[PDB]
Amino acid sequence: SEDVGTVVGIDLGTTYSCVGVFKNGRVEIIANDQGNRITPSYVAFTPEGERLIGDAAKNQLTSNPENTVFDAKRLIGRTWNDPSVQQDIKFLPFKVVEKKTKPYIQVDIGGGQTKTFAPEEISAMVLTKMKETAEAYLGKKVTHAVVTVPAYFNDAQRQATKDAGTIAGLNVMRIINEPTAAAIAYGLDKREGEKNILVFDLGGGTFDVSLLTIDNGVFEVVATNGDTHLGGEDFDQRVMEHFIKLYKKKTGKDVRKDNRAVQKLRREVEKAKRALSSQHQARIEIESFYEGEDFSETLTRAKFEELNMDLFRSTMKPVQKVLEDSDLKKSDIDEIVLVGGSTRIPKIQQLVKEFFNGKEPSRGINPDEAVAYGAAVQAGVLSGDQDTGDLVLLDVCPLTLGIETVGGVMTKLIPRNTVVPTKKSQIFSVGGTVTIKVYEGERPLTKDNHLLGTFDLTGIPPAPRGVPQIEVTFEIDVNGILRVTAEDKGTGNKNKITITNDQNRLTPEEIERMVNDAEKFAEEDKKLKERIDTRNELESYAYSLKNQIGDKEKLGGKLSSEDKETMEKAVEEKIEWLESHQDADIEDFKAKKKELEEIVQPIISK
């Protein structure tokens, strides 16, 4: 069977991502090359064409706002005409343009070239950085992964996330819903009897609530609901609007035409928001904010709350929906599990606590890392060779699926909160071409909901005297993704044929072109890391020699006058060279190291 190697769990988040592995009976949340256990979901292309991902990309955002990309999770799997897309792109500094029917991110990638990237490709870059982080930690290549999605992601958003994994060179063995992952983190070693757990997940871009039953490693989602365009970024944007208006009232200046100013303001607003989770006021100060003038304003917690109060209060509606859908009352909830960084907000914690009549949330749960933690546990299970303890997951589809047959019935097919995998079939006996539209959502008229896709039954061949009997099967798989197949029942013949969605999902050929593109940049990453590693080696070697020569009681005391002169000359020459050749290639660093060695050795070996 396939060697899946070490399987990693990746929480692919709107603003931050996080990767973990299950090793030696425990989860390791893996720190990146800057020592951070979470990584900004940012990518950028420098003026010289270098691809940056993560902390480096975020760090140069204000200097390069149009070619820095973030919040791609708010675009992934969506179409151009999605009202959410059209609202969000107004506030993103990078260009987003329509290609056929989808939002593509357009940036300058160097060499005078402009490139348009599918959101899948941007998210694949983030996944690649998480993969690189894991590989660095493990000292070996990673090929397989469990990747998270919001529970309320629709079919296309799920498929697009899986495609991002493929483009990053990952076999995505499982797409896991974020609250379900957090539930595993909470409950893996719990031995407290069967309990109802409410997971309240409010991150940087999305909001999910799921109600689970948990009993000794058996986890079942009973109901889920959410909002895929509600999270910390929206709270930031409410504050930014406030201060842009305030600044215009105070100075007469509208700074929105200035990307650099707006992004400096965004950076400080984010820091202020975080401060306000433990302070009651925060000062926002920006030196030479706009046209030379300084910015200095105070944001009180009360104002932050006021600016966001409708958004904060709206998180209670999905809680009420999952309680109703689970046939439970408030008091039936045994534990409340808060995850996602925005659950650090005091007004959020208060709203949830008050909703549940004073019941306090479960403790010891890191809201930034719990999702990655659970993903890592499921990855450990799928690895096969781990001591995870037993783990059984039963999850559900978030949206009612219904179909509209042109010239046929329109009907509900699979209700929301149905345990997956699940399937439903429909017989078509009409003959000729059959066209079926699939919709997702809870409005009573099926076609008033979100269009998932259009599926055509082309080849129903004759059936002399007999009745046409085409069975179409709609199956939602364990990843929450729909596959439509058809088989002729009248023929008896066995071949189920997959019907492709007319709505233009990435094809395997398109995906492979994106993979090849990604692999070019990955090769650059590899060579850069090797180059920097050998530069670091030369640097440490030279400075070490410098210290030894200066030690009068060891080597510096053993060296003759003459040899000591020669040694110092050689080492200081190499250090000078280093200071002026930081950008040299691997070969040059190696060669300078060996020159220095061939000078030093006949001397120290005396």
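All residue numbers are counted from 1 along the displayed sequence.
J.: Which is higher in the entry, the mean Cα B factor of 174 to 182 or that of 329 to 337?
T.: It is 329 to 337.
J.: Between 94 to 102 and 155 to 163, which has the larger average Cα B-factor in the PDB entry?
T.: Comparing averages over the C-alpha atoms only gives 94 to 102.
J.: When the CA B-factors of 222, 381, 345, 470 are compared as recorded in the entry, which is the largest?
T.: Comparing C-alpha B-factors across 222, 381, 345, 470, the top value belongs to 470.
J.: Highest Cα B-factor in the deposition, which of 415, 508, 464, 374?
T.: It is 464.
J.: Taking the values exactly as deposited, rank residue 13 by C-alpha B-factor within its chain and report the matching third: lowest, middle or highest.
T.: Residue 13: CA B-factor falls in the lowest third of its chain.
J.: When the deposited Cα B-factors of this chain's modelled residues are ordered and cut into thirds, is residue 39 in the lowest, the middle or the highest one?
T.: Lowest third.
J.: Sorting the chain's modelled residues by C-alpha B-factor, tell me whether residue 208 ends up in the lowest, middle or highest third.
T.: Its C-alpha B-factor belongs to the lowest third of this chain's values.
J.: Of the three thirds of its chain by CA temperature factor, lowest, middle or highest, which one includes residue 119?
T.: Answer is lowest: the recorded C-alpha B-factor places it there.
J.: Lowest, middle or highest third: where is residue 356 by C-alpha B factor in its chain?
T.: It falls in the bottom third of the chain.
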